[PDB]
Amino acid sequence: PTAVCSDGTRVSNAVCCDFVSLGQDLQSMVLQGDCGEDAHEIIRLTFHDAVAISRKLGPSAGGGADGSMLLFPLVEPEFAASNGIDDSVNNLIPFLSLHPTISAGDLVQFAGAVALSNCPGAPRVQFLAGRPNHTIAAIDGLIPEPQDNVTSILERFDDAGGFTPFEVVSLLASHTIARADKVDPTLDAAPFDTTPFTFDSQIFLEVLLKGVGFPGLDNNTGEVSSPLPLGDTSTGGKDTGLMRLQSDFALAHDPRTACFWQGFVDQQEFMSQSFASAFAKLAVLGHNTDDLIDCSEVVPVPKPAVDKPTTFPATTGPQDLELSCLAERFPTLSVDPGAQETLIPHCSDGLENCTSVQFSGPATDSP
């Protein structure tokens, strides 16, 4: 039956109420209301946790969205494909004992939903609760890597949960709030779009620009040339230049995915809704939803989409596009004024000096 939570939220099931205090603690202790580093890493973790499941190999290969990354932190986080996931894992582990009624699987997905809510333009995602509190570690080899080709990526997502090419591209809207710490051993927080604290369609536009250089080294696995490689890190600054992943480039130009990729350019609501639908499917891999309860009402209302239109970043323009989609014309968009590349801020407040919460814990990472 219905009930009302301590914060006034109307819920269809009183067991949803335990998530209210969890959300509050996730914000006060880790996320700090920001679409920042810790939020981004936690959203990345929802994917690393959930995608480790295989129809063809059967249940023993992995239980999907099951908290396996938190419950066996000495196994999957140290597989090569998850290098760097230790930060999010170690940040979430303490919540298992602080909120002992909430399973690890539920914790991972709820933390991702709360993190998304901090990002202007992000959808208010579905949240179903009730994932069991026990599992085993997944096998290695189930997480796509940025050097993988589109056939491989599409097969992996299809085998994980029957995701279509459209749903894959939709999920990759997440790269609108993403940066890389491990791809280039000389760079920290190399952003994938010019607005890494805004859940917008800049990623879709910017991957379609011609690459002209690299923000760091020119030969990292899984990395390709960037259209906006300039940063201030050569003089000690923290505003790393923009990085492009091979996989994002490949998705943007493959015949199976290129029209879906371009279709999100300057289509904020379509992008956010499409991401939401695919992400809800991702969040329940390893579960029959009949065995879960709807606690969507305790996901915070997200920060609204920004007013700013989708635009070409300074020094770029439509003449720089490499287009592959015949089915839809690329829209006419304004160009941001400026003669030199605009530094991409390291922090959501526009500065370089922000710091992030990091708890110590059992998961580790490699140089």
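In this text, residue numbers run from 1 along the sequence as written.
Mean CA B-factor, 344 to 352 versus 5 to 13: the higher value falls on 5 to 13. When the C-alpha B-factors of 131 to 139 and 162 to 170 are averaged, 131 to 139 comes out higher. Between the residues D248, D200, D254, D294, the entry's highest C-alpha temperature factor is the one at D294. Comparing the listed residues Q109, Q262, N118, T186, the entry records the largest Cα B-factor for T186.
Among all modelled residues in its chain, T221 ranks in the highest third by Cα B-factor. For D87, the recorded CA B-factor ranks within the middle third of the chain. Only modelled residues enter the ranking. The deposited CA B-factor of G33 belongs to the lowest third of values across its chain. The PDB entry assigns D307 a C-alpha temperature factor belonging to the highest third of its chain's modelled residues. Sorting the modelled residues of the chain by their CA temperature factor places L333 in the middle third.
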